Structures are given as structure tokens and as C-alpha cells.
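Trainee: Sequence isn't available, so here's the structure alone:
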Ligand SMILES: CCCCOC(=O)[C@@H](NC(=O)[C@@H](N)Cc1ccc(O)cc1)[C@H]1[C@H](O)[C@](O)(CO)[C@@H](O)CN1O
Ligand SMILES: CCCCOC(=O)[C@@H](NC(=O)[C@@H](N)Cc1ccc(O)cc1)[C@H]1[C@H](O)[C@](O)(CO)[C@@H](O)CN1O
């Protein structure tokens, strides 16, 4: 008992939390249904999107039920979290195709189709049925302009030009939690630091709309390189999870090129090894460095999980 | 041994780190001189500036030497970290007065004047002696435009209008670390999440300029309210550390009004109590809630540390 929460802590997968007791107690006392979402604004994800999802798997292992949410509806708008300029809105077509690429990739990381395992939902399924008058009276009435204002993620765009569309996004992600909380009994939402605004926007709606249903929110750290240069984007560009964009070999290199300063942490972040296994690697790392042992294992271990062992080999095959 | 680092972990005062082994080993093996800086752009600090400084005290206790850095020179420019618009530059006079107010307040949190205790420096003392040709050849030569570009903290302002002045700031904070590393043997810099860009900008200069001198950088978390509303600013405004701006009573209220969801964490963050003391308070908190016991202690405990016990009383005196 208390094993999962301890692991997430040892590996450092936790940054922010709405209620630390409530969560610990919940994660101990029962089986949680939690969810993380992705707006389809690319037909592929890059390594910068992996940690939060990988982390839903971790929750699954201990017997919880994950929800991968795909934003058909919200991806039509644009999430302004962490932004400076207007996210130009794309066509009902570009979304439709992106959603096709991304949805594919979630299927390689989770096992959909079981009777009670991982679920994959699309928010357009419910936001597409809600109207302007229906929205303003059923949900909008329960959101305060003062709460929304001052919210961290708004100031950024507040000083420049935040449209009503871009401004109205959180309420859109606040209804998803409420819906999902209601229909699939979703009690926790995981996301990265940028989502802290939209996560809490949701717990509060639920609270005012109808007594918060043991709903909680927690965030995952920002993958930081030791030299402060942004992780994931080299120069050629982002390291995509699609072989047609970043070959498994190019994908395998990225990893092996990791610095000793952050190789072990990357190991705790992206691989399902184990304390003594990871400590095994730590010792050899800081003792026979020329062996690049820890980089080697991370590379292989994360390339198997994404491109199958069969490409992992074709991740060394060319010379 | 390994006590300090363990405490900072139990209370959660750590977010980002450049080299986690190197730090642990350093914090174990010897006595560290570390520093955190403040640009004088206000004649007072508000509770949002307190955690990082409070945290230098924590390091002192275990026998390390803190450096409170005041930016007379840099505060003339403006730090664009975490910004969207141009930080208009203020007059050589406004700086001069702000520096007078803030400097006062650092003196109430640390004990300056000892022969080998806490040091208070001013960067104008050294940046004021460096010229344009001297700068470009001695330090500028060692900074790469590609490193600087893509640096997280730049993108924000990159999409809008980042001047050369505003763009050139990090190199200014990179020389401070190098200088201080050289003269007072400074090996670690603490700052909040926004400073991760400027911290690492400094370890890298040092590295290229002359083999990194066991220099490391670590950051402190972002104080988050459970409802996602920004901590420190109510509506009337920020809760200042100056009684002439926020009375000790108004200061004491702010604290007592803290929610049960984050009272214990606030306790681990802002007070020098102790594990069993804080656990004592946790139990009563989640068992006899009407007693507001944990809010009560935090209020008193943080009001003594800032306004003296003599105002702590005058923090309840009016009715
Ligand atoms: C692959 C294309 C990327 C599309 O999605 C994202 O970029 C991030 N998500 C968002 O913006 C959210 N408003 C999406 C959302 C949609 C509806 C909801 O009901 C809840 C959340 C992801 C980030 O990419 C992330 O890094 C991992 O995917 C982490 O920040 C968690 N986020 O949810
Ligand atoms: C009281 C007026 C506030 C003035 O300072 C700040 O606001 C923050 N500091 C900065 O901007 C830095 N470029 C300052 C600096 C100056 C020269 C250096 O060589 C290194 C750093 C503080 C923040 O306020 C903070 O929240 C705590 O003070 C935390 O982010 C740590 N920071 O250094």
C-alpha cells in the first residue's frame, strides 16, 4: 500500500497538486479514473508531449483507469495557455486529419478495446451538442469574470490582444472534467504545468455548479536540460513520435546524446526500470563513464516502447 | 549528514536542478556559498518574493554562507524573464530609492555585519566599471546567439518586440555569477522558476569562459493556491513586507485566511517548525477543523519573523 504515490515521488513526476492529503488518501483507498487531454494541432506528438501520457500508464499499473482525451471540439478554438500570440484557428478539415494521426499514436501507448481498461474519448462528442443560449445559462452563469481574470495564463495574452474565443477556452476545458467526472467518474486530471490554469478552472466549475465530486488535479514537471536549452527541439526541429517525421534511428540518437548531468533523471522519467536497476546504472555511470551505459539503456528502452523492438534494431541498423 | 537536502525535500522547496548528484555531494562534502538576487524595482517586496530568500536562511542553518544580491546595475535595464511587454527603464533616481527600501528589508531577514556570515552585494559595483569594447571582447565573445535564441524566456518576447537591451540582460546576470563565483567562491544560485533561464545562462558562460568552477543552479517552486488564483495578490493588491503598505494586521489576516487544502504546505514553506510539530498541526487540522489551528500558527509564525513579536501583537490588537 502507498506504493504508487511513493514511486511517482521517487522519480519526481509530480509538481503541483490541488489537495495533497485528499489525493494520497484517494490513491490509497480506491481505484481512480483520471485523464489527460490532447488538442489535435499536429498529426503527431513529439517527445515533449510524452511524459504526461507515459505517466498515465504508471497509474494504470497500480490498477487505475486512464482516459486519453482528444479535443475535436476544443482544437477548433485554440488553447492560449502559455501563449503570446493568437492561435489562429484551423479548418474543420485540418483538425479532422490531425485527430487521425494523433489518435493512432495513443493506440501504441495504451490498450484500447477492453471492457474496463483505458478509454479514449473525443470532446466534440458533447460540446458539439451545446448551444449559445444553453451554454450561457447552464454553465456560463457559474463562472466569474474576476476568477478568470488574474488567472496566470491570461495575463500573458491580456497585455496584448486576447479575443473572446481565446479567452473563453478554460470554461471549455472545465466542462470536459465535469462531464467526464459525471459519466466515467473521473476524479483526477493530469497535465503539464501550462495546464494548471485550465485544470483548476475545472475543479472550481464543478464546485460551484454542484458540490465538487472529490475532484483533484495534479501536474508533471517541465523536462529541463542541464544547460537550459529546450528539450525535444534540436535545430532541425522537434523529435516526433512518427517515424515518417523523425526516423527511429534519429529518434534513438537523440536519446544516446543525453548528458551525464541528466541521463539518470531522464531514466526515472521515461523508462519502467526499477529503483535498484536505475541505481545499478547510476553507479556504473559515475565510475566507468566512457561506457555511456546509462545513455545506451535509455535510448534502447524508450525506442522499444515507441517504435517496437523491430525498429529499435533499425534504430542502429544503418551505418 | 545529508540532513539539509532531506529537509528541503520533505518541505518541497526544490523544483529544478542543473546537476542533482553534484549538488547532493557538494551540500554534503563542504560549506557552500550560494546567492539569490533582487532587482530594485519596488521599494518593498511582497510575499511572492519571500520563499526564495527564506530558503537561503534554511541553507545558512546547516552552516552555509548566503549572499543577498541587489541589482543596482541590472535594475537599470529590466529583466524580461516571464514577460510579455517591454519593461520600461526607470531613472537612476527611482532605482537609488528602491534599493534603499529593499536593502532595508533584507536586513530584517538576515544578519549582515559579521566577519564570515551573510554578505549583501550590489552588482553596479562591478558592471559599472565595464565598458562596451571591454564587454564585447572579454565576455560577449563567449556567448552564442544560437544558445540564447530558443531559450524559453526569450520566445515570449521574441514574438512581439524584444529590444537589444532587454535581450542582453542574461549575459548581465551571467557575469554576476562568474564574478561572485570568483571573488566569494559562489557555487550555487537559487532563484524562482522564472530565473531558470538566467541561472543556466551563467553556468554556461563560466563553463566556456574558464572551466565551470563546480557551479550549480537550483530553483524553488511556484507558490500555487488550490483554487488556482494567484497567491500574494488579493484585489486591493499585493501583500507587501512593508508595514507602511500592508499593515501587520492586514498581513496577519492574509495568512489566517488560508484554506485547509494548502495550510500545511504553506506551513512547510514559510515556517521553521519541525516535522513532528508540523505533523502535530496536521492531525488537529484534519480532525477538529473548526479550531483553524494550522492557519492560526502560520499567521503568528510568519508575522513574528517579518514584523517582530511586538507588531505580531499589533497584528491582533485592533478590533
Ligand atoms: C500532440 C498535440 C498537442 C495537443 O495538446 C497539448 O499540447 C497539451 N494539451 C492542451 O493544450 C490542452 N488544452 C488540451 C485539453 C483538451 C480538452 C480537455 O478537456 C483538457 C485538455 C498537452 C501538452 O502537449 C503536454 O505537454 C503533453 O501532451 C502537457 O502540457 C499536457 N497537455 O495536455
Ligand atoms: C523585490 C523586487 C523584485 C526584484 O527581483 C525579482 O523580482 C526577482 N529577480 C530577478 O528578476 C533577477 N533577474 C534579479 C538578479 C539580478 C542580478 C543577478 O546577478 C541575479 C538575479 C526574484 C523574484 O522576485 C523571486 O520571486 C524572489 O525574490 C524569485 O523569482 C527569485 N528572483 O530572483
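Mentor: Okay, I see it. Residues are numbered from 1 along each chain as shown, chains lettered A, B, ... in the order given. Ligands and ions are numbered 1, 2, ... in the order given.
Trainee: can you tell me the helix or strand for residue A:277?
Mentor: Following DSSP states H and E, the helix or strand that holds residue A:277 is helix A:275-285.
Trainee: Mind listing what's buried along the helix or strand that that helix is followed by?
Mentor: Sequence-wise, the next helix or strand downstream of helix A:275-285 (DSSP H and E) is helix A:293-312. Neighbour counts using 16 or more other CB atoms under 10 Å in any protein chain shown place A:293-295, A:297-307, A:311-312 of helix A:293-312 among the buried residues. The way it works is simple: take the backbone N, C-alpha and C, and place the C-beta from them, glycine included.
Trainee: Kindly report the same for stretch A:256-263.
Mentor: Per 16+ other CB under 10 Å, stretch A:256-263 contains these buried residues: A:256, A:258, A:260-263.
Trainee: need the helices for the stretch 151-300 of chain A, in chain order.
Mentor: A:152-158, A:164-183, A:196-209, A:248-256, A:260-270, A:275-285, A:293-312 (DSSP state H, counting those that start in this stretch).
Trainee: Let me know which of those helices is tucked in deepest.
Mentor: The densest packing among those, expressed as mean neighbour count by mean count of other CB atoms under 10 Å in any protein chain shown, is seen in helix A:196-209 with a mean of 22.
Trainee: Help me see whether that helix makes contact with chain B, please.
Mentor: Yes. Interface with chain B: helix A:196-209 contributes A:196-197, A:199-201, A:203-204 (CB under 8 Å from any CB of the partner chain).
Trainee: need the residues of the stretch 1-150 of chain A near chain B, please.
Mentor: Proximity of the stretch 1-150 of chain A to chain B, by CB under 8 Å from any CB, involves residues A:15-16, A:18-22, A:84-85, A:146-147, A:150.
Trainee: rerun that using 7 Å as the cut-off
Mentor: Taking CB under 7 Å from any CB of the partner chain as the measure of proximity, the stretch 1-150 of chain A contacts chain B at A:16, A:18-21, A:84-85, A:147, A:150.
Trainee: ok, of those, which come out buried?
Mentor: A:16, A:18-20, A:84, A:147.
Trainee: Closest to residue B:277 out of those?
Mentor: residue A:20 (18.0 Å; CB to CB).
Trainee: Pull the contacting residues for that closest one.
Mentor: Taking CB atoms under 7 Å, 6 or more residues apart in numbering or on different chains, we find residue A:20 in contact with residue B:265.
Trainee: got it, and residue A:220?
Mentor: A:13-15, A:51-52, A:55, A:190, A:192.
Trainee: Which of those residues fall in helices?
Mentor: If you go by DSSP state H, the contacts of residue A:220 have A:51-52, A:55 in helices.
Trainee: between those, which is closest to chain B?
Mentor: residue A:51 (14.7 Å; CB to the nearest CB).
Trainee: I'd say residue A:28 and residue A:1 touch.
Mentor: Yes. Counting by CB atoms under 7 Å, residue A:1 is a contact partner of residue A:28 at 6.2 Å.
Trainee: who has more neighbours, these two?
Mentor: residue A:28 (12 against 7; other CB atoms under 10 Å in any protein chain shown).
Trainee: Helix or strand: which one has that one?
Mentor: Assigned by DSSP H and E, residue A:28 belongs to helix A:20-29.
Trainee: With residue A:37 instead?
Mentor: Using DSSP H and E, residue A:37 falls in strand A:33-38.
Trainee: Which strands border that strand, and is each parallel or antiparallel?
Mentor: strand A:65-70 (parallel), strand A:188-192 (parallel) (DSSP bridges).
Trainee: can you confirm residue A:119 is in a helix?
Mentor: No. Assessed with DSSP: H, G, I helix; E, B strand; the rest coil, residue A:119 is strand; it does not lie in a helix.
Trainee: residue in chain A nearest to ligand 2?
Mentor: residue A:152 (13.9 Å; CB to the nearest ligand atom).
Trainee: That residue against residue B:230, yeah?
Mentor: Yes. Here residue A:152 reaches residue B:230: they are 6.1 Å apart, a contact under CB under 7 Å.
Trainee: Which single one of the buried residues of helix A:293-312 is nearest to chain B?
Mentor: Of the buried residues of helix A:293-312, the one sitting nearest to chain B (CB to the nearest CB) turns out to be residue A:294, at 12.0 Å.
Trainee: ok, the closest one touching residue A:265?
Mentor: No. Between residue A:294 and residue A:265 there is no contact under CB under 7 Å: 10.4 Å.
Trainee: mind listing what residue A:262 touches?
Mentor: Here residue A:262 is in contact with A:225-226 (CB under 7 Å, 6+ apart).
Trainee: I should have written residue A:105 there, sorry.
Mentor: Listed by CB under 7 Å, 6+ apart, the contact set of residue A:105 reads A:44-45, A:241.
Trainee: out of those, who has the most neighbours?
Mentor: residue A:241 (22 neighbours).
Trainee: Pretty sure that residue sits against residue A:42.
Mentor: No. Using CB under 7 Å, residue A:241 makes no contact with residue A:42, being 10.2 Å away.
Trainee: quick revisit: who touches the helix holding residue A:277?
Mentor: Contact with helix A:275-285 is made by A:10, A:260, A:263-264, A:267-268, A:291, A:293-294, A:297, as judged by CB under 7 Å, 6+ apart.
Trainee: and of those residues, the nearest to chain B?
Mentor: Nearest to chain B among these, with distances taken as CB to the nearest CB, is residue A:264, at 7.8 Å.
Trainee: contacting residues for the closest one?
Mentor: Shown in contact with residue A:264 (CB under 7 Å, 6+ apart): A:278, A:281-282, A:285, A:294.
Trainee: and residue A:258, how far is that from residue A:296?
Mentor: 10 Å (CB to CB, to the nearest Å).
Trainee: One more: residue A:215?
Mentor: Distance from residue A:215 to residue A:296, by CB to CB: 42 Å.
Trainee: give me the number of residues near the nearest residue to residue A:27 once chain neighbours are set aside?
Mentor: Distances taken as CB to CB, 6 or more residues apart in numbering or on different chains put residue A:5 closest to residue A:27, at 5.3 Å, once the chain neighbours are dropped. By the criterion of other CB under 10 Å, residue A:5 has 17 neighbours.
Trainee: secondary structure element for residue A:5?
Mentor: Using DSSP H and E, residue A:5 falls in helix A:3-11.
Trainee: That helix to helix B:3-11, inter-axis angle?
Mentor: Counting by axes from the mean of the first three to the mean of the last three CA atoms, to 10 degrees, helix A:3-11 lies at 130 degrees to helix B:3-11.
Trainee: tally of neighbours for the spatially closest residue to residue A:220 that is not a sequence neighbour?
Mentor: Excluding the flanking residues, the one nearest residue A:220 by CB to CB, 6+ apart is residue A:52, at 5.1 Å. Residues lying near residue A:52 (other CB under 10 Å) number 19.
Trainee: what does the one 10 residues further on give?
Mentor: Taking other CB under 10 Å as the criterion, the count of residues near residue A:62 is 14.
Trainee: wait, it sits on residue A:4?
Mentor: Yes. With contact defined as CB under 7 Å, residue A:62 counts as touching residue A:4 (4.2 Å).
Trainee: Now the stretch 201-319 of chain A against chain B: closest residue?
Mentor: residue A:228 (2.9 Å).
Trainee: Now do the contacts for that residue.
Mentor: Contacts of residue A:228 by CB under 7 Å, 6+ apart are B:151, B:196-197, B:200-201.
Trainee: quick one: which of the contacts of helix A:275-285 is nearest residue B:133?
Mentor: residue A:260 (38.1 Å).
Trainee: Identify the residues contacting the closest one.
Mentor: Contacts of residue A:260 by CB under 7 Å, 6+ apart are A:285, A:289.
Trainee: how much space between it and residue A:287?
Mentor: 11 Å.
Trainee: can you check residue A:166 too?
Mentor: Taking CB to CB, one finds residue A:166 at 52 Å from residue A:287.
Trainee: go on, residue A:9?
Mentor: Counting by CB to CB, the gap from residue A:9 to residue A:287 is 27 Å.
Trainee: Nearest to residue B:127 among the buried residues of stretch A:256-263?
Mentor: The nearest member of the buried residues of stretch A:256-263 to residue B:127, counting by CB to CB, is residue A:261 at 29.1 Å.
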